[PDB]
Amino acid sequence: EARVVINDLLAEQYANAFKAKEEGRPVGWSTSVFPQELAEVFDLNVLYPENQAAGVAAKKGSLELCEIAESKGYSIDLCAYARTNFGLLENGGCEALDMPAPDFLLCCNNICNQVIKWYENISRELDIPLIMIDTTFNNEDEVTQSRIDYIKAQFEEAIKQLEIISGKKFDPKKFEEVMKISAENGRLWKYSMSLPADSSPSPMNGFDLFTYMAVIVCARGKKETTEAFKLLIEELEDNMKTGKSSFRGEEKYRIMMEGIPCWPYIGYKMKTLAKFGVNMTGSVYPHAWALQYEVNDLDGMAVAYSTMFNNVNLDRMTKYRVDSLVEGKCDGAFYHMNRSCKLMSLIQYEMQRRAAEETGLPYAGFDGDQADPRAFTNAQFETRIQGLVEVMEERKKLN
């Protein structure tokens, strides 16, 4: 039920955008943790390149686009989401999951700095306005007052640009309403995806989180999202009482997986883990889009977007992984070394040493990519998980 509800709501966003474009309405492309509240106030249509690329990748159509961008001169070293997107523009679209070209761009570098260069290129080649919200990396434990003032000023500049693009005026009353919607959805995302932690066995397959994710990314400020998450919650709670769940196979081992899934292979990955009895019950992602602040508080809003876990110091990053392992009652950790993502890959070695030291738990890992199939090898994946399973089982053989 909820499954179908959420899927229908996604396809609706795409259909709405095409209709907007064929008329005279402007459409935008945006990064996955941008301050969406600023565009929803103008009732603007907004789409997400990161979502599209993962979607076409799961249908085995991403390799073709990447190769188009590579023939234009873009190096394979670059992020796979970026190359997939470059090919889409050059090809004039695609058929497995199409979407219209944009009239404006919304960029925030809390997730990484690669999106800065990516969006520079799009702005120049298509001649369209780029809206930039620069959240500089936090080395200190707390966000400096200078960062707070800088972001707030950048909120102002973004609003001035959007009044021109849309031809409408900023409405304070309407800004308040959108803030209230966004605050409830944040908390519903965090609550629902944390339910596996205190339930043995979990009410769902851990991989399911990455299908639900697309909704909180593309429609965080909308009333329909509120009602959809309320339905999903009712279902999970009943599962908790009946002993039902989407996970096939017996839940013998509980783990935390670091990283996003390899989409071109997600089908093989689900069946393989269940074969061995493994299910993901500890996760960091419930904290990614909670984005909490007090309604009407600009300073609080700035701090929230500034402190998403990709943009905080290595000490704090480490604490996130420690807490998810202990809270989820996990038996081990399994790491994805993702060739696309330098930010996550270049601190993995030190973070994984620290986590194992604090919890005393076993770990292993594998090489892959979220969208490019050339980076993943079934045989390696198989051998690595088998090795971790042998160790976790030798443990409880003592208990």
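Numbers follow the displayed sequence, beginning with 1.
> Mean C-alpha B-factor higher for 151-159, or for 167-175?
Replying inline: The entry gives the higher C-alpha B-factor average to 167-175.
> Comparing 101-109 with 235-243, which stretch shows the greater average C-alpha B-factor in the deposited entry?
Replying inline: It is 235-243 that shows the higher mean C-alpha B-factor.
>> Highest recorded C-alpha temperature factor, please, choosing from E350, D372, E357, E67.
In response: When the deposited C-alpha B-factors of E350, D372, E357, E67 are compared, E357 is largest.
> Among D141, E184, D77, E95, where is the Cα temperature factor highest, going by the PDB entry?
Replying inline: Of the candidates given, the C-alpha B-factor peaks at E95.
> Would the CA B-factor of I128 place it in the lowest, middle or highest third of its chain?
Replying inline: Within its chain, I128 is a highest-third residue by C-alpha B-factor, going by the deposited values.
>> Can you tell me whether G300 has a C-alpha B-factor in the lowest, middle or highest third compared with the other modelled residues of the same chain?
In response: According to the entry, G300 has a C-alpha B-factor in the chain's middle third.
> Split the chain's modelled residues into thirds by Cα B-factor; is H336 in the lowest, middle or highest one?
Replying inline: Its C-alpha B-factor, which the entry lists for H336, ranks in the lowest third among residues of this chain.
> Can you tell me which third, lowest, middle or highest, the CA B-factor of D315 falls into for its chain?
Replying inline: According to the entry, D315 has a C-alpha B-factor in the chain's lowest third.
> Mind checking which third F276 falls in for C-alpha B-factor across the chain?
Replying inline: Within its chain, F276 is a highest-third residue by C-alpha B-factor, going by the deposited values.
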